[PDB]
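Scroll down for the structure; my scribbles are underneath it.
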Amino acid sequence: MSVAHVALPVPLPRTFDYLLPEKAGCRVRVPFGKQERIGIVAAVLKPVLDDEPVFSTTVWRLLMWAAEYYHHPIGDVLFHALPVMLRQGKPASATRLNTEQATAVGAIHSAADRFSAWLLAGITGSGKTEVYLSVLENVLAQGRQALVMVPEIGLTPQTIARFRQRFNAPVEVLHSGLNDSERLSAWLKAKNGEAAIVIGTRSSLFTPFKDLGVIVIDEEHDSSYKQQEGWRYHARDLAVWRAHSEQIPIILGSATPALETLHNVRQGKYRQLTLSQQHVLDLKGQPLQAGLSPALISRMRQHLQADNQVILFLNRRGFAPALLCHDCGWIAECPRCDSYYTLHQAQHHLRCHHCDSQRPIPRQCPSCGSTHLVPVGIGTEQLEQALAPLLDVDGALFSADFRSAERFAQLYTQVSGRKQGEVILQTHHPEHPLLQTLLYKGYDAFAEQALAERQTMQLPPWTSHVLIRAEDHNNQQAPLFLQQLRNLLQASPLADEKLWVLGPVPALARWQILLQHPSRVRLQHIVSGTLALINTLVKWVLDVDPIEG
Ligand SMILES: [Zn+2]
Ligand SMILES: [Zn+2]
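Start counting the sequence shown at 517; every next residue gets the next number (the working numbering).
In structure tokens:
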């Protein structure tokens, strides 16, 4: 007896069986209903494209783990990983260094014959790039390949040509401007060991290699590494996973490492290799124009009449604001959980998101009585409408998103080194502890303090998180769905009173629930069991280790 468990590109978390008349990871053409479909054999009844498995051993292992960790259909996951042409069932064929810099290269090179996750931490253009290129030389010397990941926007032809000139070997670049013939042919070149280096973005993570020797991720902290639609994987984590299974080094490069990364360094997980005028304006009691203080505008014009350009920064868009007093600096805090109230002016109430408390919007401040209470964290209201006739550190410090401070610290540290340049911050709380750490001690000091505060609040990366989203035209009832799913999560063996669930709370826009637990592995099992059984079902998607925004 022999029968093949085949995975199909469908949103259902299961394998379909078929018969074998006279291996796993090969593509097959199978009947599916009355039509025909391409599938991939997950393991070995109507009967049934490849000679050899289309995924390498370690890439196959990686995808199998990832599907189960992100709780996404094995079918999608596998077909998402393939070149478009292979999805459709077509054939698999196509007719200088200083002291610090040197030390880094050496350190990595001395452990290059096994797994080792290095954080290359250095201020902007201290030449982290130079380390990448030298480490790659040593790996390419040995005749092993390399994967270089950049953010989506980081594949500039300047960067590309600088690589191409450095290496007398073939470099294969997966930019978004390639067609399907080209993408496939490049995928083959990597698989066959013709391509010494592969440079791409997030999806370049799944490209196969004859002998992969090292992985480089530049701008490790960047958002583009987290896929926001469909299969919500994080390319950085999976790269580190892939490096672990293949037993090769990985280099994570950032001038402003994510706190996740720094935590991993403080613990044994990663090892750090390191490389070596502002005005703070108090908005309190000021007359503002378009949220701008006189002192800023005074400084703006003196830069505009000198014929220079002026950049203003705001807090993305659609994010729900907080409420504070423009005169006295009181902020709307939830009295039960010490957390900032999110303002819902459109529904005429104040709402907590860490717990779920309602409260009316007061038209006067309860701490000093001022009528001047303002919303903070708005720049989608066309600042140009107020600027043509003629920021928001608060938005980052008093957000309902617990990550906002970290995002700001990264921005500020980036733009602090981008003549004599002038940086101006506007805030209602110039003397905020965390802000002060950032401004006077630097990013890593901010991070160390921010990270200890995350432990206090039991937030990531001290805990793991899992979001579950629901969208229903009804606006109501869909939250009942999540309430059903909430209770189904309660009793599942593994509550340990540590599992902490936020009951259905409206998104920062759409409903969702949040799951929290110190153990990553325990929270994966809890989701695995409670998801196994479900019935009704209303949109609904599953986001492990979410970036929220
Ligand atoms: Zn609360
Ligand atoms: Zn007040």
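Backbone N, C-alpha and C fix where the C-beta goes; we use that ideal spot for every residue, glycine too.
Residue i beta carbon near ligand 1 (any heavy atom closer than 7 Å)
| i | result |
| --- | --- |
| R852 | yes |
| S873 | yes |
| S915 | no |
| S720 | no |
| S855 | yes |
Contact test: residue i Cβ vs ligand 2 heavy atom, cutoff 7 Å
| i | result |
| --- | --- |
| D843 | yes |
| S886 | yes |
| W634 | no |
| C868 | no |
| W757 | no |
| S1044 | no |
| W1056 | no |
| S1035 | no |
| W846 | yes |
| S761 | no |
Identity of the residue in the options nearest residue i by Cα
| i | options | result |
| --- | --- | --- |
| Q793 | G541, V1060, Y959 and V939 | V939 |
| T896 | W1056, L830, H989 and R970 | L830 |
| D727 | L663, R682, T675 and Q783 | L663 |
| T645 | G769, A848, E688 and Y586 | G769 |
| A711 | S697, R699, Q661 and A755 | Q661 |
| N990 | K1055, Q952, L1031 and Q880 | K1055 |
| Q681 | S701, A706 and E653 | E653 |
| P765 | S1035, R752 and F631 | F631 |
| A520 | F532, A637, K935 and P527 | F532 |
| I733 | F725, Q744 and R718 | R718 |
| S761 | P529, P995, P527 and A633 | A633 |
| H948 | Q936, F962 and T574 | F962 |
| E1013 | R1026, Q999 and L1039 | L1039 |
| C850 | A904, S915, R1002 and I894 | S915 |
| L1024 | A628, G834, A759 and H691 | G834 |
| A627 | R612, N614 and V651 | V651 |
| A912 | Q930, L899 and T943 | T943 |
| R553 | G605, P810 and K785 | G605 |
| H860 | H625, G709, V892 and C853 | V892 |
| residue 490 | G716, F679, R678 and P686 | One cannot answer for residue 490 here, as it falls past the ends of the chain, which runs 517 to 1065. |
| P882 | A862, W846, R867 and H864 | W846 |
| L799 | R832, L840, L1010 and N1051 | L840 |
| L828 | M816, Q821, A822 and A838 | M816 |
| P810 | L906, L649, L775 and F683 | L906 |
| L1030 | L1010, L1001, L754 and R832 | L1001 |
Same chain, Cβ closer than 6 Å to residue i, five either side skipped, listed in chain order
| i | result |
| --- | --- |
| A902 | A806 |
| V796 | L941 and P946 |
| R970 | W978 |
| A836 | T858 and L1024 |
| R758 | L578 |
| residue 507 | The structure shown does not extend to residue 507, since the chain is modelled only from 517 through 1065, so no value can be given for it. |
Other residues of its chain near residue i: CB distance less than 8 Å, five sequence neighbours each side excluded
| i | result |
| --- | --- |
| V570 | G541, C542, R543, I556, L598, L602 and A608 |
| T675 | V666 |
| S1044 | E584 and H587 |
| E735 | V666, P667, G670, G769 and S770 |
| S572 | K707, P724 and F725 |
| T772 | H737, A925, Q926, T929, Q930 and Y959 |
Presumed contact (8 Å Cβ cut-off) between residue i and residue j, rounded CB distance
| i | j | result |
| --- | --- | --- |
| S932 | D1061 | About 29 Å; that fails the 8 Å criterion. |
| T858 | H869 | 6 Å |
| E616 | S792 | 7 Å |
| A618 | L704 | The Cβ separation is near 37 Å, so there is no contact. |
| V560 | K539 | 7 Å |
| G1065 | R919 | 7 Å |
| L983 | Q1028 | 5 Å |
| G729 | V647 | Not really, about 15 Å apart at Cβ, beyond 8 Å. |
| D696 | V600 | 4 Å |
Neighbourhood of residue i by C-beta, 7 Å cutoff - its chain only, sequence neighbours within 5 removed
| i | result |
| --- | --- |
| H750 | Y741, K742 and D1061 |
| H779 | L967 and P977 |
| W747 | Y586, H588, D592, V593 and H596 |
| residue 1089 | No statement about residue 1089 is possible, as the shown extent of the chain runs from 517 to 1065 and does not include it. |
| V546 | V522, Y534, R553, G555 and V564 |
| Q744 | none |
| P527 | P589 and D592 |
Any non-hydrogen atom of ligand 3 within 7 Å of residue i CB
| i | result |
| --- | --- |
| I556 | No copy of ligand 3 appears in this structure; the ligands present are ligand 1 and ligand 2. |
8 Å Cβ cutoff, residue i in contact with chain D
| i | result |
| --- | --- |
| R758 | Within the model displayed, chain D is absent; a lone protein chain is all it includes. |
3-residue-minimum beta strand (DSSP E) runs that sit fully inside the segment 657-697, ordered along the chain: 661-665 and 687-689
Start-end ranges of the beta strand (DSSP E) lying completely within the segment 866-921, minimum 3 residues: 889-892
Complete alpha helix (DSSP H) runs within the segment 923-982 (minimum length 4 residues, chain order): 949-957 and 959-972
Those runs of the alpha helix (DSSP H) which lie wholly inside the segment 568-634 and span at least 4 residues: 573-585, 590-596, 600-603 and 615-625
Uninterrupted alpha helix (DSSP H) stretches inside the segment 743-794 (no shorter than 4 residues): 751-762 and 775-782
Whole runs of the alpha helix (DSSP H) within the segment 793-878, excluding any shorter than 4 residues: 810-820
Ordered list of beta strand (DSSP E) runs contained in the segment 1002-1063, each at least 3 residues: 1016-1022, 1027-1033 and 1057-1060
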